[PDB]
DNA sequence: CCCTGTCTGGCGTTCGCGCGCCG
RNA sequence: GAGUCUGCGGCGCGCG
DNA sequence: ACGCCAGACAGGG
Ligand SMILES: [Mg+2]
Ligand SMILES: [Zn+2]
Ligand SMILES: [Zn+2]
């Protein structure tokens, strides 16, 4: 019941992405015409986001406010209005990483300045097009000892 | 007390009345004044209907002298032509000379028309409206009875032929068209000033919103001195600043130190009323005071905020400022309205530290001046038998410092506008601030606007709420951080915890826009500049937005840190002598057995 | 994801971009599991990378478009949070009041700076909930829902309702706003005095504070709900208490153009004709002669005659 | 609403279109400063100028009596 | 304008405080029963459809009219935060 | 580029048909590049009006073309110029291209001419955008008419020569907003194009060839031409203009009338007698009143409402559709499920409202019934129904009602059912129902009127004819204009029209003063002199002389300097009348108004009342789906915007809660506005604000982005904005 | 390797209200 | 013991 | 189209 005295922007931990998350949207299925209902697990599924209806559930095992804070034994629907549907978050698990454009194309490349790379051109170079790196150890040569952090191509790799 | 404050020795003008309201406000009290207003309101309106003042075509009366002055100037124009048809006057000289003929002749008809109304028709419908604070403008009247004479071409070069007609008589077919060009630029101008007037009010607010009055007389007495005299109108001649201007600077202010002037003892901390600032001018007249020590926002100690003794008088009411008044906004606003009348481009160049069109090389060194004659470039040198500060002054630049006398740091060595950064370097911050302030007022003054310096100060202060670091302690050297946050650092590093690690900084000047772009909290910054950037950085570094200031704390829909949310008055309880005794009965019952 | 018309469906463009990302990430998952020819893996990760930008910020790098219909950048998340009419700006300026109103203003000469003429019809809706309750306090209506239905139609209002409203606004005040809100006086509080019609009666002297003449300017109107908001609104925000301007210590309740014309006219002195001697200052025959000469046609009632023109001698 | 589909019309009840009065100086042997009031009244015909004038003077008299009971 | 606003303004240290006071007083005037006033007898608040304002028209119009008298007491911390609401319900009847 | 035709009044439509815009394909001119384009370039002569351009951000960029301006072969606005070889002017004309015009020495029309001979050695001409005093021998080309310099729209201003271009603009634009009055009168003083405008525009109906009239219906006029043919000319009885104005053709020809070729048979929506007419000629006194005409307010004589002088028929076309929901088709019937028969009278035809029925705000225009829930019935509504009567029609009332504001009489109705004739019914759309409502707009206090010069303003008070300014003779004025609004603005033209109008009142004649060449101050004084015999001449014969009043004002007048001292009041009053001013008595006191005051016939028009006029006051109502801010539309007015400019205003003041209130209880605080209402219904104290949805909506928007926005406590620790929906499971 | 200069890369551009149109 | 759902982005014009 | 700020890289000692 306390007063909000300080607000704070902080980076998101992948685990935190999951923590605020309810379900994962794993398919491009908006809503199937026949029934203006959410298609499958898709972008509007109600598990992942929330009760498509008032206080009522899915199938209808529990339908009013007396048991407001409990979930259906057979179907998991906790309910307030459909607002719980408009505040919940879902996450998508990308295959191979991609980066925030907010951090890479701001005049000073927050990653370009932090990572000593060509502040604006080396980034754009390997981010959107093609160039690879060696993590801990790789005893054999190219001509010189293993590159601890430098990057090699698919052909010489 | 009604005849004590009224002058029945002259017709009641908007000003005589303006001044009667003000007096009545100070003398008799707020609501009683309100009574007076409606009273005047009621009779002014009634007398008005009965007076029977009405515009008539014949009411606009043309001077009989118009015919003369036009002919007199007409023949003179022929002389200018015959003088060119011979080859005496350059193509240019001809033009500039003809303009000057009309420029004067038009102004001549101006005073003529009025002279007619003054001597023969004191009660002319059109006239009286203009004289009375009612309606009318000396330039306008002229376009009806006199003549609206010069209307410039599309570009800006005024037309060579004037508009010989008045609106009384048929403004001809072409004279109309010719005059049209100007009207169109005027309408386009008004459209782009309206947008820029609201934007300036946005930027002023972006940096001064947080500024609010929350205090106790801040004890750091470092005050500002309000000058009463101005240097160069004519090369060098000291003069008493205008009544208006000086008033603008000392009215409702709080003296920093005691001043004994013409006989009376103006105490310290006293708020000088308009009458008091009338005293000091009369005294400077006699020659007893050249400056005036007065508290000002420019030198407050309260990091985020400004105190009662520093701000001054002007609340909407005439008594000292009440603690908890949003001054930042109130200031930002009083500057953004008049702007729509301006010009403005300069005001922008001023709030935004920039390198104006016509720059003026400031003397970074203070010694005396000296000039040279070689062909290509001239040169103004501030020198000593030790060193000179070479000032490259190209062909087009007009220098007025001569071969010979002294030139303090940041002094105009060229003519025109100045670059704040340089002036900061040369003469120091206490000089930039006062420069900015006066140089900004210069425009509104010249336009009729009368705004108190308080406001432009509030703002300009924030332009300099930041400074660079050259001798570290906690964090690395090159850094631009909040001035007062260093005063904190240095204060506890020398006072509370030992080891004098002096935190040497450098005063940094920034424009209203960049100070808002780059401030402490992000919420405020997310509002104008680039939401994209602002947030990036604020994220990287887990930034905790401590909510202070009205912009950031409005977004949350939380109560305003200023106003009633004022920590000073957010808590105040009320009582009835009946509940006062009852609570005391609760204390009495506390005695056990 | 809403139903528009006939079957048309509108969804925020964000979804088109979400599809983009989903599709590419998936096709990528499948392109790595099937067999991976370098060229095609990168070619996709690229498109992939661009997609991720799209939802975050569109336009930083190229601009995605909904298929042939509108070459419009799909409003990307950055777009939603930034600008003039963006999300960060919707919060800060908080834009739409529940108890608001607006009509055309018209001069209210008899009105005192203290009050403003507000259309009763406007009031009725404005102070509706406050009125409903008052209806019940009286016999006009049994209950709230009753009182509401009572007012859902214009031909159903008993003259008694107006009594109730007139009574509910007793000492409450409302705020008035003008087109550009340049200064704090851009908004002022006044006591609403219910009036007939469409127009809103405004006081003349305040016409200076809000840049407002009467060629059609329209002013908005709000209502302080809390007993706290009303307090401040009538104490420190009402018109009559904010007479001086925050810019200059000069008044803003200065008589305008109309008032001054009147107050001037009345106080001016007239001058007319001096052809014959103007010296009453000294002779007693100058009093007589120039007083009979005035009765005649020679000396006016207001002659340049130093001490006293015959106009003063006579009366 | 005599008949349900009838349409009401604007009511114009003043039997007078215009009134005009002049006060010209009149001579009475001893003092020349005197007033003479001649008011000309026009009527649509419904009522007469004289009838109107009389009703007028009556409404004024009826109002002059309303000054009777103080409070 | 309004009754003795100047007088009022003069009774407080700061303008915005008077506002706090008048508001917090009109609140209590309604809450613990509207009879919780200090000057009702002879001359008091009044409206004219009848002289009925004596019961509940405007809250703060009364608060003002009271504060203009020297009966109330407004301080930064006059009476301990919670014990005031307890003793006020104890002595003032109307509900 | 293509938009709604602005047919407020025919002249409007005609103007919106020929105006030139800058913005467009995007290839040509963009919006933040314009100062250069916006100006009235030199060459804009006779090709583009300098006056017609809009006031505002889009200035100088969108503008209607000139008088004789005509696009030739390829988009080059050319203009007419008559030839003049040597000192001889021709009646021959050449539409010249903008570029070719530069090559010659063109002269003005004002040049004195005896036929084909120039008449003055040093006569004006303009080489290339440069005024030059040329000789009759160099005058190669001459201007057609001063008209050509401006547009049609502007050409309509009587003495444009005496009006500042900036206000002339406002005068032109105002005509485009003129609304068609039942009683259309042409201005007492015209320019010369009023005839032409109604003709080239298609207002009035003209006679093809010569003939006689057969039948004169209120619906058709079938004439019989002399070539042995006869045509029936229907007349758009009463049709709905785009902008909701009335368009009726009123026959002006009697039965059996030999008509000349090109003669008006019927008058257009706003024509008197083939002349353009918008608003009406009213007598006006130009003086100040109490405060009723303060900055720009106008005082109207109730007398103007007696005779329907400013009355306008308006038609609003409300429309409703019987949609097909998967919950059950929305039926259209007389059945309004829950409360009264009293609201179902007018709804006489089962469903539809009957024609000729007075519809007041909040009455049912058309009934309709849809289904109650989204998919399920109601558990609490199930008990209520069963208690008083379980068998309650489950269908919900969704009927087209009269939106707050106004309705009038229902004049026409349209219904498209199942077997559509040749109509395009949208999908889902079972059937549609149009209901045309009309209403006389008597002039009221809200309305705004303005004269062709620029004087704009709203009606502040409708005075009783009883006590408003009256003339020596019983004739009282209609409107009283505030003098002060004339000096500042520069439009003496209005003061000139009123004078000439004064003469026309007692001389009983209308006039036509061209643009730059019209009437002159001496000629008007002359007509007024004639007017004095009309006014004072009958006064002398009717039997009476001058008033004590009339003499007193005269004293004050000669002491002023309006009358030559020493002349007889008869002679004096004439001199004062010629001034364009007459003596007026207060009407309230019967005492004169010290000082002559001008009066006259000034043509003034009423402006179109948008839905912006019909005021918007909103208590509680709808709200947006994604943003939770108040919004209306159809019947719920919709909330006003509080803008930052205004936030600051309150920020300035110590108005803390008043601002809190605006940002929480009144707009976004979902739980707050609710508790707020209930509290006020109760006469209680509003609760304390819960977090605003915009913030909540923002945090998540920001969460949509990698960024994590967490609120914190005293010591940097959590706090919860989202009351409990964020914790998981 | 340093400092200086030049094109280069990213963002911003009153306020409120009407009406009407369109996927 | 009533409350859902629609009205968005943009465009054009007009008032202030 | 523009204006302005901030930037990253390349040329001349
Ligand atoms: Mg206006
Ligand atoms: Zn279930
Ligand atoms: Zn201080």
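These residue numbers are counts, starting from 1, taken along the chain as shown.
If you're wondering, the header gives X-ray crystallography, 2.5 Å.
Each residue, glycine too, has its Cβ placed from N, Cα and C.
Taken verbatim from Swiss-Prot:
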- B:218, B:300, B:307, B:310: Zn(2+) 2 binding site (BINDING)
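Positions of the features from Swiss-Prot, shown on the structure.
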residue : record                : Cβ neighbours (10 Å)
B:218   : Zn(2+) 2 binding site : 17
B:300   : Zn(2+) 2 binding site : 23
B:307   : Zn(2+) 2 binding site : 22
B:310   : Zn(2+) 2 binding site : 31
Zn(2+) 2 site shell beyond B:218, B:300, B:307, B:310, criterion: Cβ within 8 Å of Cβ centroid: B:215, B:217, B:220, B:295, B:297, B:301, B:302, B:305, B:306, B:308, B:309, B:311
Helix, strand or coil at residue B:218 (Zn(2+) 2 binding site) [DSSP, three-state]: coil
Mapped DSSP class for residue B:307 (Zn(2+) 2 binding site), helix or strand or coil: coil
Secondary structure of residue B:300 (Zn(2+) 2 binding site) (DSSP, helix/strand/coil): coil
